[PDB]
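Alright, here's a single protein chain in two forms, structure 1 and structure 2, each given by itself as structure tokens.
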Structure 1
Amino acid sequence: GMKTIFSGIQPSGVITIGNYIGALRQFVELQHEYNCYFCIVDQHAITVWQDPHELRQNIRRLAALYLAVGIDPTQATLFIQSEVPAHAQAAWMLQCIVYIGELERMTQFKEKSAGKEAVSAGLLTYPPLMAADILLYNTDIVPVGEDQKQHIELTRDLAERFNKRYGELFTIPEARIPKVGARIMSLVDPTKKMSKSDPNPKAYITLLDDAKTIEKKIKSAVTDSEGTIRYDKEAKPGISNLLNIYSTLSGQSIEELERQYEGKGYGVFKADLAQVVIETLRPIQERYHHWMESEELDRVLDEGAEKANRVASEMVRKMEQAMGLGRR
């Protein structure tokens, strides 16, 4: 049969052009060639503080945006993580498989915890939850951005450990990281990736930003003083990132854009890029407002959770049977 895809996005804010370019844009292509599960992973979002009203709102917005960008609910399964208890069940079992040392050495943990104050346990232990998200659906392929590469590697290790300790049950999944746009950088700090939970809203463009806002954010994007538009990731990380965004959203190659802007300044380059982004987001936002106004949004998520529960609950039964939990 068809190979299986699973991917998740946190409702920790409104998704960014980084999320779009790095992941969501490819979901829309993949849905026709694979058995696809695309998840709103709200249990991942609460690994740090979320205002309850904002979280509820962002869950619905993410669902609407999934559909607005062109995911077809008849070709892919769209659902909310917490509405499928199997994810928490399998997460616990995999927490008993993973070693503490493996979690502590994770790059993303050591980064998000540096400055600690106090760190929730969830921030340390979300990787086995992610592994459960993937392994529950006998997933073959996991489309993600570059920053999730190590997490997929851990998932593969956990799957193999379980398989050899108890018996062959899990498919060993493989990451699919796009050749371009797998790490869109922050607009205000071109050495960090763009993150939808950045405390500085200028760092990112959300798919729901209006024209004025996008113009402002691109205008204030950090650049060098050299005044020349060419790609150089080491010497010109800001302009390089903007070129990468321009390129993947316009269809023009970086090399083509360099020529188009030969003898031109950053001012006109930024003004142009803003409009490219705006025109890209325009049809997305129109369809988004449609979904936010309808009961059909809830019906899609209802049906998706129904489907996901049937598949995931069966895998939980098999996992329990392998470990000896519960009863025959």
Structure 2
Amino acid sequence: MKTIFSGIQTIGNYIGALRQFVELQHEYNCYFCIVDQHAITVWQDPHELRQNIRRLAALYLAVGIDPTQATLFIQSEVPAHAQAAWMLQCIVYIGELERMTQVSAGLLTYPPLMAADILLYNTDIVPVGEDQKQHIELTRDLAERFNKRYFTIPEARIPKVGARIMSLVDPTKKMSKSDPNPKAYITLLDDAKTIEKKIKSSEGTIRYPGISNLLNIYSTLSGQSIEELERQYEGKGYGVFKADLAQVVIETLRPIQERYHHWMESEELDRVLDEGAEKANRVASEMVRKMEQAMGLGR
């Protein structure tokens, strides 16, 4: 089947890409890489980083990611990423790196590492937004350059398209976990009280920026059409609508949150990660060896 690779460092992300990944793990060969080596391109607190790595893994498992169907692993645990990244750093031009839209050198040399993350597994598709367009283009250029000289040409395509969830405080802005205003987003780990507060915070009619965003969250999470909801809330106010949407969000997160705690306090977590690295290390190790063979490294 086709290979999918996702490098990971809210409800809008869940809905936007993650929630469909749980169906797609059965059709496609999915790879979920916790890019801890990319994380260190900026200041990091060792304890926090280590903790965030575990949380992310648990969250992905809690959401439905099947460790037997997909490959969930930690980047640093697969040396091939660093090995391949160096080889690619030798074929990439400084100009290409400098041109990047986005002083620690990791901030400039990380693109070749991202290309290695992808190219290492002969991935066909990469579920990324427009913010990663340039990055994907560079990895495609590097793949072509290497191929012609001595990989599958990756493609940036999120396979099952969801809604674009916007911030609760700025309806024209995409909802992001890096928002200065915590009120702008809803975390997969937020508690009932927080969800309500965040959801509760001049037309007065429920028709499809602010209201429309709420409807998208409601629709995708409830399974009801935007028209269905429009009819159901006819002549109704935002209060009840918000009180309603707040309950659906909670009902969605609660099962996820409790699975997250089991994983977080279970030994299976580390066991599952050990297997992921093994599965990944196996595919990547082979690729690195072919790369070295083509370049002339070692024996």
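Residues are numbered by position in structure 1's sequence, first residue being 1. Rigid core: the largest C-alpha set superposing within 1.5 Å between the two forms. Residues that one form lacks are left out of the comparison.
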Inset, instruction - Would you mind telling me which residue of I141, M93, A182, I80 shifts its Cα by 2 Å or more between the two structures when the core is superposed? - result: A182
Inset, instruction - Align both forms on the core first, then report whether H53 has a C-alpha shift of 2 Å or more between the two structures. - result: no
Inset, instruction - Kindly check if the Cα atom of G22 is displaced 2 angstroms or more between the two structures relative to the superposed rigid core. - result: yes
Legend entry - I40 C-alpha moves between the two structures by 2 Å or more, core aligned: no
Inset, instruction - After lining up the core, report the Cα displacement of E256 between the two structures in Å, one decimal place. - result: 8.2
Inset, instruction - Mind pulling the C-alpha shift for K196 between the two structures, with the rigid core superposed, in Å? - result: 4.0
Inset, instruction - Superpose the two forms on the rigid core, then give the C-alpha shift of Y288 between the two structures in Å. - result: 1.2
Inset, instruction - Using only residues present in both forms, find each stretch of at least 3 consecutive residues where all Cα shifts reach 2 Å or more between the two structures, with the core as the superposition reference, and list them in order along the sequence. - result: 16 to 30, 177 to 220, 225 to 231, 237 to 284
